[PDB]
Structure formats: structure tokens, C-alpha cells
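Per-entry structural report
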Amino acid sequence: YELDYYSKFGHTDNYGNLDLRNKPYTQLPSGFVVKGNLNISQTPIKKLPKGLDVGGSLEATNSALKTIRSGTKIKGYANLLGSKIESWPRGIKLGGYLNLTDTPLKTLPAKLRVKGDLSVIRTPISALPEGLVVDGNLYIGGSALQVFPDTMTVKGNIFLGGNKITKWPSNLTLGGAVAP
Amino acid sequence: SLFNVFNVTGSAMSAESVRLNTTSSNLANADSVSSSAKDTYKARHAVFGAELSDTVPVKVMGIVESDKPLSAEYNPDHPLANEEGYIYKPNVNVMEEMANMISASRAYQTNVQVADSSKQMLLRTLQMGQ
Amino acid sequence: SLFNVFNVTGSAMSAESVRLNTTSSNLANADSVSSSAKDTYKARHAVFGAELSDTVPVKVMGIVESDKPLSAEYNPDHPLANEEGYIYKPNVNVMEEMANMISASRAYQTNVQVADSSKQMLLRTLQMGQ
Amino acid sequence: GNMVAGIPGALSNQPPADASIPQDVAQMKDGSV
Amino acid sequence: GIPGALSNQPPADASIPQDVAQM
Amino acid sequence: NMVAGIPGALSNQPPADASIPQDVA
Amino acid sequence: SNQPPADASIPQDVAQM
Amino acid sequence: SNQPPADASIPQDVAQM
Amino acid sequence: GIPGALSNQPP
Amino acid sequence: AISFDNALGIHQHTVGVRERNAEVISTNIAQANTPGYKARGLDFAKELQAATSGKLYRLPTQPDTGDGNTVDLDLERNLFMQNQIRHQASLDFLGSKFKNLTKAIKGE
Amino acid sequence: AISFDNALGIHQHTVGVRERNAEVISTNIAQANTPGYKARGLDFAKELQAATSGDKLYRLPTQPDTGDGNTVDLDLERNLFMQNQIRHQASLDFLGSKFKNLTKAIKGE
Amino acid sequence: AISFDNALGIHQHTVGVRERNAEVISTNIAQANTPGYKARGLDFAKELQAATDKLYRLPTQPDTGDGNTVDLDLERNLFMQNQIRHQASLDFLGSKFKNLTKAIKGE
Amino acid sequence: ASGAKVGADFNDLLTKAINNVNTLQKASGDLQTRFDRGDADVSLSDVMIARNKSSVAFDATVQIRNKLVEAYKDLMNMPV
């Protein structure tokens, strides 16, 4: 079903951490604001409402999360390990890492910036967008990637995870190393 | 081989000790609106497991919080009150925690009896024949 | 050499004995206001130590006074009070003394069992080959 | 696998209408996991 | 492993970018 | 190398209680 | 194990650490 | 018996089961 | 069987 | 004749079976609080026959309270002490078989 | 052949290790209440190998300490001490019977 | 040498003194209510000298017209201590013969 | 090296053991009478430890003595 004004009141602690673990909710109110962390793991939610503002971290592991609307703000990280998301929207305010391990993700917006590690492990993504800048480590193990973008910035160590890299970026400033 | 009994009773006694400490924390934190980092305490419960395929030892496989909703109280003048003046408190129920205290202690002591009785049986086997 | 377990268990018996004597003094002097404000009794506690340079004996390294502030009481009637009518009392907490009494007695008797069982192993060794 | 597990004590020995046990743990009792 | 099991380590949180970013 | 401290109730509580002397701890 | 077990923390506030 | 006993069912309505 | 003993299955 | 089989009889095998039975009874007591665990029994006649010529489930007396556990600790305690007495008696029978055998060979 | 090593077997080295283990277990029980003391474990296989021809193992706690830092689980220590005493008694019986059989053969009694 | 006096030590006399001490404490408790009775204490060192007396206990609090100087709090503690020490003396003196018999019989 | 050195070394081993057993027996005796006379600086635990070690030490002395006598009695019953 949906989340009402009083439905969410039963899933909030003293610090405004909303816990929806395995709750049979399919959507959240439009323009939703959560003071603390949001947990929607293992939920049938297919799309996040537009204007969602999270003061903490996002956790949607093993959930049905497939669509995210632009303009969403996350102060912490977005943990989506094992979700059903297919495409990442542009303009998401994210202050942590994007964990997309075990996801059907295919495309990423151009000039994407991740303030932490990016994990696209076991994803059918074909090509990292040009201008992609990562301030942490890069995980591409088990993915369909075989060609890197011409320019990318990975402040951490790039981990290949087994896939063969045929083309390397021309302009790459790496603070670490490259591991298979 | 009664030495296996020692492993099973020892694993059971360890499991009961984990359950007792979980009950001890619930009774002590049944009135705490705050927490260490940022999340209101929720009644914890150890998970016992039997890896049946001789003897099957019982192993604790992690602590899982109770899924009961937090008891909301109307404390509008409290510093931590929400927009509606409600503060949330742990879902610890006194009656079930007392039963755990009784059940864990009685289960702990009967496993000592089995190990002590099994210890004697090994000794009588050593004295067999002489 | 032949009685290494006895030296360790026996050391624990002497160590745990001191902790019980310290607990008795703390409870017997929980209401001893004495005189002044720096000669007032303060809760004492033994310090156990283990030098791990086989068996590691437990050695008491002296009695140490608690750092808890003295319990102040307003009583401008006691002739041993001060300018503001306060008598400072020992920082003895009854609940922590009761727990120490339980912990000291049980741990002391546990080492009795180990020392008593250690003698049995020595006695059985003398029967080797007989 | 074939391992049976769950929360012991007073929490489990109640009718399932209480719903005080998480559904993940509740299925774990069955034996499928 | 059991789902929803608690962890014995401080809970990575929000303030101090340090946690929000490092996995 | 030694491992010393007050045993019992004075050490089995969170350090925020601050009962053990700093030097001993 | 070969490494001695680590000591518990019990922090008053987790953010302070 | 060679077949495990069945887990008891405590329904609140019986009809639904 | 007892004449009037309760069963153990749903009625 | 004059073989350790003919000399000890079934006493050399009953000791092992009752040790197995104690193991099965002991794990029932330990797994009493584990939800969903079905009490396991051992058939002495079948196990003794198998050992001589080289586990079932226990039906509950009352329905479980909701944890799926069919272990009655009063029954497990009662069966454990009976097995222990029979195990001790079995060792007395088997032990004297060797001592009588040693008495005959030494004549004293 | 006809030597004390080939006759006694590993029942002479095992006894020494079992007494060593009891010294370690008793130390943990005595040092249970000492804060900061870490429980000490002993590897029987490595000790027996060293004894036959001739490092610090710590025991991982099942639950966190209450602040003192001591990782001695006194419930486990008693169980291990009870097991060690039984296996040590068997080793003495095993080793004691080695000498009795040797004396029996050399005297025909 | 090799005589019972040296083999038993002073443990042969301590058991008797602990019995006399227990008798006196029993008298004090029984005579606690009878007015005019003065609590009697036994000096341990005196019976030590008698081996190799029956004094009066000075009160810590005044009487209430009875003149009875028996403190029942003190007597119970002194009876508990004497009984514990009496059992230890039996253990000490009992093991003197157990070791003595093992030396003679060799078994 | 001569055979007297081995004999003297064996003799010193026996003398050292007897002195060690005698030292424990006297040590236990003093601790027993110190606690029995009423000295407050002696702990019952140390007394029980002292008499436990002396009893075990003397029991070892008895076992060695019996084996020595049995060997001598075995020795005298030999063809010669």
C-alpha cells in the first residue's frame, strides 16, 4: 500500500530513523522528508517519490527499488546492493558511496560524481560515462565493462575483479593502484 | 564417545549464557529513550540454531532485535520530542524477559547435570575390566 | 615445579581474600564521617596483577582509594561540620560492594575446586605403573 | 543447509498473531533455509 | 547467515564525512 | 610487561562512570 | 588465534571516536 | 516414527488457517 | 475413545 | 569356540549402543530451547542388531507452544538416567567377562 | 626394537602436555577477575609434536567484555578443565599399562 | 625423639581449648537475660601456657539495671569463629595420625 | 670418569629429594601451628596448600622407598 502521516509514525525512533524492513509498503508520500536514516530493504517499493530528502543513509538491499526520481537528497550513503534498479537518474544529491553490487544497472549519467567508493560488481553496465569522477575506490568485478572512459578520476585504487581492460583512460589521476 | 556430549552441553551452556546477557541488557535498557550512536534501543534476542544433517551442537548465529513497534509516549516538553510531542522507548516487555530469565537459568543448570553425569560414565569405562 | 597449579590457585585464594577484606572495610565505614574533609574514609580497592614474562600467578599490587567524589550532606548540626554546614561522607556505593562480595566469594571457591582437583591428578600420577 | 534456527525463549512460544518475530527469522524455523 | 542480524561494530553514520563515504 | 587493574564492580562499568583512578586505569 | 583479542569500547557517544 | 511430527498451528480464526 | 474427548485438529 | 565373540556375547556391543543413545538423549536436552527442532529417538533393538551383524522422531505428548519444538525435558531426563544405569550395568557384565576369562587362563 | 620409546609410544609425551594444559587452564581460571588479562589457549597437536622432537595462542571471546578487558569465559574454562582431567587420567592408564606389560614379559608373571 | 608429644605438636591441646571456649560462649548466651551475671571470657594464651583464665569481659555499653554484661552480637560472632577454628584443629590433628599411620604401614 | 662419580651423583640426587621433602614437611608444620595458635597473619588457604604439598611430597617418598626395597628383595632371590 502507501505510507500515510500516521503509518510512518510507527516506524520512527527518537532520532528520526525510519525502518521499513520487510514492511508491505509500495511507495512513500510525495515530497517526503526523513530526518535520519531510511531503510527500505526487501520492500516492494518500485519508485521513490520526487523531492525525497534523507538526513542519513539509504539502505535498499535485496529490495524491489527500481526507479529513483531526480532531486533526491541523501546526506549519507546509498546502499543498493541487490536491488532492481536499471538506471541512475541525474541530479541526485549524494554524500556517501553508491553500492550497486548485484544490480541490473545498465547506464549512468554523464559527469557523475561519487564522494566515495563506487561498486558496479556483477552489473550489466556497458560503459562508464565520460567525466566520471570517483573520490574512493572503483569496483567493476564481474561486470560487463571492457572499455574505460577517456577521462576519469579515481582517488582510490581501481579494482578490476577479473574483467579484461582493453582501453585505459588518457587522463587518469590515480591515488592508488590497479588490482585484478 | 561421551566426549561429544561435553561439546554439546558446553555449546548449550554458552548459548544460554548469551541469552542471559541479552535478557540482562533488555531489563537494563527498558527505559532508555537515548542510545550510544543514534538509534533507539530495540529488544534484542539471540538466535539459536541446529545444523541437523551422533550429536548436533547448538550454536548462536547472531542477535536479532524484536520487531514489535516502539512504545510511543507523549512527552511534548522533552528535548527529544518529535513534531507531535511523542518520544519513543524500547519495546522491552517485562513479562517475557522474566520468563527468559527463568527459562535460561533452568536450561543452563540442566546441561551441567548432563555433563556431570556424562563425566561419570567416562570414568566408569576407564575402570572397566579392573 | 611439582605443584605449579597450587602456587597459582593458592595465589588467587590470597588475592581474592584481600578483596573481601577491602569490601568489609568499605561497608563497615560507609557512614564514618570522621573529621575534616581530607582524612575522611574513602572506598579502597585492591589491584590485581599478572606478570607474563606455563603459569602466571596473580599478585596484589597494593590497595588504591576510589576516585569518586565524596558524598556531601547538609547537616549544620554535627559539630564536625564546616562553614556551609556540610559533612563529607565516604564514597562507598552499596550496590558495587554487594557485587564485589558475590564476585569475590564465588571466584575464591572456584579456585578451591581447581586446587582440590589438581591434587587428585598428582595422586593419580603416583599410581602410574601400578 | 537443512539447518533449523530461530529465536528461543518466550518470544517464540506465542501465537503468530503477535508478530514479535521478524519474518526472515520466522521462515528460518521451517527448515527450507 | 541470518537476515537483520546486529553487528558488533559502531554503526557507520552521517556526520563526519569519514563514515558516510568509506564503505 | 604487566596487566594490572582494580577487579570487580569498579572496572566492569563504562568508563564514563570514572571511578577508577586515571593512573591505575 | 595468534592476535590477542581487542578490548571493548563502550563509548559514551559513538561520534566521539 | 520415521516421519517428523508436524509443527503446531495457532490460528486466530481457524477458517483462514 | 472417550465419549466426548476433544480433538486436536480444527473443528 | 573360545573366541572373544563367543566369550563376551552381546555385551561388547551394548556398551557402544547405549553410548550412542546417551549422545542422542543429550542433544535433545541441549536443543530443547532451539525452535523448530524435532526430538530424535533411537531404536535400541534395531541398532543392537546392526552392531551385532556388521534415528527416528519422537511423537509429542502435547502440542508445542509455537516454536515447533517437540522436546519434552521431563521425558529426556527420565530416559537419560535409565540409560546411565543400564550403561553401568552393561560395563559390569562386559568387565566381568574379561575377568572370568583371565581367571581361567591363569588358574587363579 | 626392544626400546622404551618403541614400547611406551606417545603416552609419555601426552601426559606432559596434558599437565601443561591444566596449568594453562588453571591460570585462566585464577586470572578470570584480573582486568586486561587475555585468556590463553594451548594447541595440543603442536605441543605434542614439539614434545616428541625437542607461538602464543589466544582464545577469541564469545561476547564482549564489560569494560575490564578480560576475555576469560569461566563457563568454558571449567568445561575444558574437566575434559583435560579425564583425558589425562586415560593417558596415565595408557602409559601405566605400558610398563606393566613390559614387566610382565621380562618376568613371565 | 619420635614421641606423640612431638608428632602431634600443639594440635592435641587446641581442640580442648576450643571446646572450653565454646562452652563459655554458650554460657554467656544462656545467661544473657539473668540479671547480675557478668560475661566470662577465656584467655587463649592461658590454656596455651597450661598446655606447655576464665576472665571477665568489660562492657562497651552500660547496663540497664540488670547488671548483665553480655552482648549477644559479640557472642554469636565469637561462637561462629570458635566453631570454624575448631573444625580446622580437628583437620590438623586428624591428619597427624593419617600421615603417621602411612609412614608406619608404608601404604 | 669412574663409577664412584655416578654413585655419588645418584646419592646426592636422593639426598636432595629427601631434604626437599623434609623442607616441605617442616614448612607445613610451622604454618599449621602458626594458624592453630591464633596468628592473624596466616591464611587458611596457605595452610591447606602447605599441607597438601607436604602430603603429596611424602607420598612420593613412600613410593620410591617401596620400589627400592622390592628391587633389593628381588635382587636377593637370584641364582648366584
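Positions are assigned from 1 on a per-chain basis following the written sequence, which can diverge from the numbering of the entry; residues without coordinates are not listed. All chains are assigned letters beginning at A, and all ligands numbers beginning at 1, according to the order in which they are written. Because the shown chains make up only part of a larger assembly, each value pertains to the shown part and nothing beyond it. The basis for every side-chain value is the complete set of non-hydrogen atoms in the structure, without hydrogens or water.

Per the deposition metadata, cryo-EM was the technique used to determine this entry, at a resolution of 3.22 Å.

1. Things to note about the pattern of salt bridges
Our working definition: Think of a salt bridge as a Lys or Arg side-chain nitrogen and an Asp or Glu carboxyl oxygen that are within 4 Å of each other. Only DSSP runs of H or I covering at least 4 residues are called helices, and only runs of E covering at least 2 are called strands; the numbering of each starts at the N terminus. For the exposure calls, accessible area comes from a 1.4 Å probe over protein chains only, and a residue counts as buried if that area is under 20% of its type's maximum, exposed if over 50%, partly exposed in between.
Applying the stated rule across the entire model yields 24 salt bridges over all chains. For A:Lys23, the salt bridge is made with B:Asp67, and the minimal N-O distance between the two is 2.8 Å. Here A:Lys23 is found in the loop between β1 (18-19) and β2 (33-34), whereas its partner B:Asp67 is found in the loop between β2 (58-65) and β3 (71-74) on a different chain. By relative accessible area, A:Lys23 is classed as buried at 18%. On the basis of relative accessibility, which here comes to 27%, the residue B:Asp67 falls in the partly exposed class.

2. Quick look at the packing of aromatic side chains
Applicable threshold: The pairing test for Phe, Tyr and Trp rings, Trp by its six-membered ring, is centres within 6.5 Å, and the orientation test on the planes gives stacked under 30 degrees, edge-to-face over 60, and tilted for anything in between. Consider the ring centre and the ring normal. A charge sits over the ring if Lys NZ or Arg CZ is within 6 Å of that centre and within 35 degrees of that normal.
Using the criterion set out here, one finds 14 aromatic pairs over all chains in the structure. Relative to K:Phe99, the ring of K:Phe4 lies with its centre 6.5 Å away and its plane at 50 degrees, an arrangement referred to as tilted. Residue classification places K:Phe4 among the exposed positions, given a relative accessible area of 54%. On the accessibility criterion, K:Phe99 (27% relative accessible area) is partly exposed. Three or more aromatic residues joined by ring pairs form one cluster here, namely A:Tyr5, A:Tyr6 and A:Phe9. Positioned above the aromatic ring of L:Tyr56 is the side chain of L:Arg40, whose terminal nitrogen or guanidinium carbon lies 3.9 Å from the ring centre.

3. Looking at the arrangement of the chains
We count it as follows: Should any heavy atoms of two residues lie within 4.5 Å, those residues are considered in contact.
In this assembly, 23 pairs of chains are in contact, and the pair with the greatest number of contacts comprises chains B and J. There is a gap between chain C and chain J: no contact, and a shortest C-alpha distance of 18 Å. The two units chain D and chain L are non-contacting; their minimal C-alpha-C-alpha distance is 44 Å.

4. What to know about the interface of chain B and chain J
Quoted interface sizes are often the accessible area lost when the parts come together. The test is simple: Take the accessible area each of two parts loses on contact, using a 1.4 Å probe, and add the two losses: that sum is the buried area. As used in this structure description, the phrase polar contact means that two N or O atoms lie within 3.5 Å; if the pair is within protein, one of them must be able to donate a hydrogen and the other to accept it, and residues adjacent in sequence are counted only when both atoms belong to side chains.
Residue-level contacts link 29 residues of chain B with 25 residues of chain J. Between chain B and chain J, a total of about 2300 Å² is buried, with carbon and sulfur atoms accounting for 59% of that surface. The largest contributions to the chain B side of the interface with chain J come from B:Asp54, B:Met121 and B:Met128, which together make up 23% of the buried area. Connecting chain B to chain J are one salt bridge. The salt bridge partner of B:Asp54 is J:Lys55, with a shortest N-O separation of 3.0 Å. On the surface where chain B and chain J come into contact, there are eight residue pairs in polar contact. Counting only elements with at least two residues in the side of chain B that touches chain J, the list comes to α1 (3-28), β1 (44-50) and α2 (94-126) of chain B. Tallying contributions element by element places α2(B) first for the side of chain B that touches chain J, with 10 residues.

5. Remarks on the nonpolar core
Here is the rule we go by: Only buried residues count toward a nonpolar core, which is a set of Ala, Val, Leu, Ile, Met, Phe, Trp, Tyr and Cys residues joined through side-chain atoms within 4.5 Å.
Ranked by size, the top nonpolar core spans 45 residues in total, and within it A:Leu38, A:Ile40, A:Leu80, A:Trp88 and A:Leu118 carry the most contacts. In contact with A:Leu80, other than residues within four places in its own chain, are A:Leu58, A:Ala60, A:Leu65, A:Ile68, A:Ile85, A:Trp88, A:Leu98, A:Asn99, A:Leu100, A:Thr101 and A:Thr103. In terms of nonpolar packing, the next biggest core, distinct from the first, is built from 21 residues, B:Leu2, B:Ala115, J:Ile29 and J:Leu73 among them.

6. Description of the sheet that holds strand β1 (residues 4-6) of chain D
Put simply, the rule reads: Two strands make a pair as long as DSSP finds a minimum of two bridges between them. Geometry is summarised by axes, namely lines fitted to C-alpha atoms with helices restricted to the contacting stretch, and by angles between N-to-C directions that run from 0 to 180 degrees.
The three strands lie next to each other as β2(B)-β1(B)-β1(D), forming an open sheet whose pairing is antiparallel. The two strands at the open ends of the sheet, each matched to only one other strand, are β2 of chain B together with β1 of chain D. Taking each pair of neighbouring strands and ignoring which way they run, the sheet shows an average axis angle of 20 degrees. Examined bridge by bridge, β1(B) and β1(D) share three bridges and lie antiparallel to one another. Residue pairing in the sheet places B:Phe48 in a bridge with D:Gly6 of β1(D). Relative to the sheet, helix α1 (residues 23-30) of chain D contacts β1 and β2 of chain B together with β1 of chain D, its axis offset from that of β1(D) by approximately 150 degrees.

7. Remarks on the pairing of strand β14 (residues 151-154) of chain A
Residues and elements named next belong to chain A. Along β14, the buried face is formed by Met152 and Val154; none of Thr151 and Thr153, which line the opposite face, is buried. The pairing of strand β12 (residues 133-134) with β14 spans two bridges and is classified as parallel. Note on β14: the bridge partner recorded for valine 134 is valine 154. Relative to strand β16 (residues 171-174), β14 runs parallel, the two sharing four bridges. Residue pairing in the sheet places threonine 151 in a bridge with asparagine 171 of β16.

8. Quick look at the side chain of L:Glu47
As for its placement among the helices and strands, L:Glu47 is situated in helix α3 (residues 44-51). Residue contacts for L:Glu47: discarding those within four places in its chain leaves L:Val17, L:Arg20, L:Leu42 and L:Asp53.

9. Here's the deal with the environment of A:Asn171
Residues and elements named next belong to chain A. Here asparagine 171 lies in strand β16. Accessibility expressed as a relative area gives 46% for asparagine 171, which makes it partly exposed. With 84 residues separating them along the chain, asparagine 171 and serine 87 place their C-alpha atoms 26 Å apart. If we ignore the near neighbours within four places in the chain, the residues touching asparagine 171 are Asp150, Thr151 and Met152.

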